[PDB]
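Take a look at the structure tokens below, where one protein chain is shown in two forms, each on its own, as structure 1 and structure 2.
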Structure 1
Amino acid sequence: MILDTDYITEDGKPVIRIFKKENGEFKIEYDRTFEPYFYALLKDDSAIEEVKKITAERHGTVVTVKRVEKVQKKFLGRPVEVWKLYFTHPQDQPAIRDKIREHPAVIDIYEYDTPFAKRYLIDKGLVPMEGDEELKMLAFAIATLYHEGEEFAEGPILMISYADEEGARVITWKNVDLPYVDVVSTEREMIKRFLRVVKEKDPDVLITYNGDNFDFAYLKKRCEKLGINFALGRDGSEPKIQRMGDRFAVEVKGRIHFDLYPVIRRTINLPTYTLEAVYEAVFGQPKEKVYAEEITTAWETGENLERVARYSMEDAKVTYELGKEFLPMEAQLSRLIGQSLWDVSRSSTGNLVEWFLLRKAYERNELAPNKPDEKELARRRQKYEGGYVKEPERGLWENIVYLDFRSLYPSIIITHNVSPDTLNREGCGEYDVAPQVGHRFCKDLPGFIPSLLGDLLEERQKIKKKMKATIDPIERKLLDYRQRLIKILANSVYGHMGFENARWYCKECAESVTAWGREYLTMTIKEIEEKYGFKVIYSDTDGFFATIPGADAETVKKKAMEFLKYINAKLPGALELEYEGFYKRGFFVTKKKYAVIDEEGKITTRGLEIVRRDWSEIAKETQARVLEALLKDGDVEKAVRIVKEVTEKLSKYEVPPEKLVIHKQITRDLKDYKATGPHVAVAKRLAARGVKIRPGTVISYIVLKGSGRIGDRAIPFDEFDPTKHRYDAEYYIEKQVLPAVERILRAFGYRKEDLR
């Protein structure tokens, strides 16, 4: 099973290393035969005689075109003659590419910026994370001495905890009487002992929580301050820090550094992404949090240290369990994209799509288009229409059926051969013309994107089929995650065509797809209304809710089945309407905001404040109980009493402030914020206090009784002292709970004043 790949430089030549695990043994395959290259397009063949002659310089050394080779590839679906230019070292390409492009005899160059090891993975047709081989994992966490105001990593590391299949252990340089703590003399000895533990256990995976942006950099600063070689890598190297956009990432050669934080943030949506909250969400059992002030006082005074040891041990244990749960799942992403687990765990969706498309293009000998330059990026700053959405018939309805298409946009792409290589293709005999926008697509030869999307949807349907017969529930989870991957990947492949910095960009294709979707959905609505007597309550982009005004549930279901058979006979290609749920009742507030109740009593809420993180828990809970009173038995009076009781509880300062916290995320650097909201104000005060604040952190604040501007009277919830603090009950009454319940209870004649 291929773990990863890189390359070293041996006597000026590239040597690919393939790190793998075969028969329970870690092996390193070496390859000195892979030659770096990129493609060039000339207007005349004989011009190559001069193309071989352009040289450049790297670090005093001269860089020359090693060898050239004429090759036939497929650009925009059409055969074309390109020149493969080979080089000695990959680092030659960034230094000579421009000099090649400046030449008048060349039109353009292609596939010049792809990294060497990943190009080796693609060209050799290798897929990592493949096989039944089980890896050994080791999770670890650290405890730090934090005073507010210091710089990063000034204080030493107090405890280093690790965990695996054998249990959890803490290492510390102060005496704690516990069966899982190992006491050493100094911090240096503790770090060295952790290194010895890693070297002896030799895990294939090192599991951390946000180790990409804290634990590893902290250990690096301390290791250099005390003169320790942080030789965690299986080849004796130390963690390599790399850029990951605005954040950082940490590699450990020969191993896989699995940082859970981006995986969890990208997989599950939570109000906060603390280790305690993530663990309680994934496993249901709570985890006690010990804050930095407690451990700082416990270290400086030497008391209550067993509590900090417990916190560190539990940290290591829960990160190990989360790694065990999430790693086999991300291995499926690694197999799907064809890149290393380390890469796919941290890479954005767009880069995942680009790697998948690059691998597919290599498989079909399709010359990959280049990323746009600045002027071309400027041209692509266009605007096209999106999906159709109607103003909902606001209010409460009964006996509702939701009908929606199966993978609307990919099915459109497949059915009409929507692809950049098929758009306005001269000379074909069968065309498909998009509504409104009028773009034509040839259907003689299947397009690149339609082919990939068809394979993907076929695989997803096979996975959903096997899920029904799946016995082993761990496998059920596996195939569920895999089909979710395929779904996200297909939707992102559609979105790729309308992305400015995308290689296979095609605004015409994307707007054609969305016009098709609008046409098909409005057609289905018109047909279900005019010919089956339905009334469409609400309709988003790929489906709608409908009902027979005044009819039995069975009648609505039967007529919906009829309409499905009819409209699916009328629908072409891969386009199919599906019955995806009957609901006893449903309250629709506005576009993207509704709630439905089915037959067994399960409430599905969409868009409402109950599902939003930036709303207070008291408001969410009040709206939830109100919606339950509405949807379970239609007890409007019960809901009005709920809101009156909750507002009286708020007025008398009787509600716990924990239910009063608003969580909002900062998305940019505080310098670049033009409008400063309450969370912005709290973040700016925190940064003024010398607290690390970066794009990604979540500010959790409470509004206090005070002077106007909410941001002036809002403080982080950790600084809330009930003795000297009183939350603004009027704020959370008149502007959190009441507005949340009013948009619902107005449909029964209640104004805000009938609720306080």
Structure 2
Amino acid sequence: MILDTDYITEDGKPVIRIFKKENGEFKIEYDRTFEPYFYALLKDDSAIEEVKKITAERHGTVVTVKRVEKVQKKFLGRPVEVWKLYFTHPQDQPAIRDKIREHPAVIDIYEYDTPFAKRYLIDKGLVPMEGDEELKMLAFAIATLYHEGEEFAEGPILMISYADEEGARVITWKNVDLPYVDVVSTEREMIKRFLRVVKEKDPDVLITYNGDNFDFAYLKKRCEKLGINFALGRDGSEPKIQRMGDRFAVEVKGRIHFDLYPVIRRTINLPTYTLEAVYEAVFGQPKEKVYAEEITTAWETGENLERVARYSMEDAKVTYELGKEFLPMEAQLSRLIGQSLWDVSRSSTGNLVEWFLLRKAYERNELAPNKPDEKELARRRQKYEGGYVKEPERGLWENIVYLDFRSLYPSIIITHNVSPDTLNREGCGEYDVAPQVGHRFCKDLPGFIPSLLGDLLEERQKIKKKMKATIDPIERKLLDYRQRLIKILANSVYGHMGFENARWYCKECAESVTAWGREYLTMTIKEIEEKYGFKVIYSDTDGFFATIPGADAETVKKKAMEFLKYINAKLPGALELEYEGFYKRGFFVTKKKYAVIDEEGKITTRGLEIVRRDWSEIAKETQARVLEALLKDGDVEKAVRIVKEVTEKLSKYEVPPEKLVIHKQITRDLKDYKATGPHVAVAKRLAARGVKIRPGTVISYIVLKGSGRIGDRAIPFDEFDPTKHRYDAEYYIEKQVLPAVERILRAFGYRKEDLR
């Protein structure tokens, strides 16, 4: 199984290294054949000789074009001839390229900014994480001495915890009687022992939580102060750093550094992304927190160091189990995109589709379009219409059913050959014309995007079939991971066509797909009402909820099935509508907000404040309880009863303060904010106090009893003393709980005053 690729220079020539794991043995394949290149388009093939005589400078050594090759490729589905410019070293082409681009006889250069090892994986048709080879894993965490006002890593590393299949153990340079504690003399011996543990375990993946921005940087700073060689790589190298926009990420050559923070932030949405919070969310069991204050005090007084070690052991044991749950899926994503698990676990979704598309484009001899320049980016600042959300039939409905279009947008793209290369193509014999936008799509030849999406969705159906037949639960889940990810990728390819930074950006294709989908949904609505007698309560973009006014439950189900068959025949191509489920009752507040209950009793809430992270748990809990009473038993009397009980508890200040915390995120440099609301105000004060509030910082504030601007009255919950503070129950009643439960109970006549 391929794990990663990179390249090392040797006598000036590049050498690709393929880190594999075959038959349970770590192997390194060396290739000295691959040559760096990019494509260039000339007004006249004549100037190729003048293009051969181009110069530049790197490391005091002039860089020249090695050779040229005339290659014929298809750009935008159209034939074109292009010169392939070869170079001696990969780093030569980050130079020269701007010089070539500015040459008079060149039009543009293509596939220039492509990583050499990535280009190898693509051009060689190599797929990471392919095989039944199980991987050895090891999760490590650190515990450091923190003193305020000091620089980074001024204090020492107190403990180094690691966890694997055998268990969790902590290495520390002080005496603790905990059985999982190995005691050493100095921080140097602690680090040294950790490297020995890694070296002897030869781990394939190293699981860290936020290790890309802390654990490895702290370990590096200490290994430089104490004069250690942090040779954690299988090639005998130290963890290398690579920039990732504002922040950085660390690689362990010959291994895969799996930082769980970016993966978990992307996959799950929670109010706060603390390790303890992530654990109790994914596994249901709480994890105790020991703050740096307690840690430093315990180390300096030598008292209660056992508890600090327990935190370290857990911090690692949970990191392993979390990684064990999130690695197989991310490995299958790596298999799908054709890039290393390291890169896919840290890259944005819009960048993953670029890797996938560039692989496919190489498979189809399609010259990959470049990225948008600044002027075209502004030219791409255009807006098009999207889905059709109907003003919901607000209130409570009974015996209802949701019908959805399976992969609506992808089905449209394939059915009508929707793609930038099949748009207004002069000289075709078959054209499908897009509603409202009037864009003509050639169907004589299948398009790039439709071909990819077609092959993809074909695989997903195949994958689901093998899954339902597969007997190993592991293998099954692997297949289940692929089918879900295939669906995400397909719909993401549509977003690429609308992404300004995307290389295959066709606004026409986007608005055409939206228009088609609007049409298909509208007709379905008209037919299910006029021809079959239903009332559409709500519809967003790819489906709708509906029922027959005063209908028997089983009647709705049966009559619903009939409309599916009727509409599917009238539905062109693979555009199908399907029966997601039946719900006894459901409340619809407004667009993008509702909740329904299955016949078993499971409630699905969407958009309602119960799912929001920027809302007090007391409001979310209360709104949920109201929703349960109504959607389960209709005890509206109990619902208002619950509201009154909660409001009285808040009046008497008997509600746990943790349920009154509002979690909001800083999305930019506080310097550039233009509306200092409560959360950015709290952080701005924290900023002056010393704390660095950066993009992504989650602020957790509470409102203390007082008056005036909400901002100049909120404190971070880490600064809340129940003995010295009192929360503004009025705010948490007249601005949190009531303004949410009212929106639901307004349908039944109750007003805020009627709720105490």
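For residue numbers, the reference is structure 1: its sequence is counted from 1. By rigid core we mean the largest C-alpha set that fits within 1.5 Å across both forms.
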(Q) After superposing on the rigid core, which residue out of 570, 462, 591, 406 has its C-alpha displaced by 2 Å or more between structure 1 and structure 2? (A) 462
(Q) Quick check: residue 46 between structure 1 and structure 2 - does its CA shift reach 2 Å or more after fitting the rigid core? (A) yes
Q) Fitting the rigid core first, would the Cα of residue 472 be found 2 Å or more away between structure 1 and structure 2? A) yes
**Q.** After fitting the core, residue 426 CA displacement of 2 Å or more between structure 1 and structure 2
**A.** no
(Q) So with the rigid core superposed, the C-alpha of residue 106 shifts by how many Å between structure 1 and structure 2? (A) 2.1
Q) How many angstrom apart are the two C-alpha positions of residue 301 between structure 1 and structure 2, if you fit on the rigid core? A) 1.3
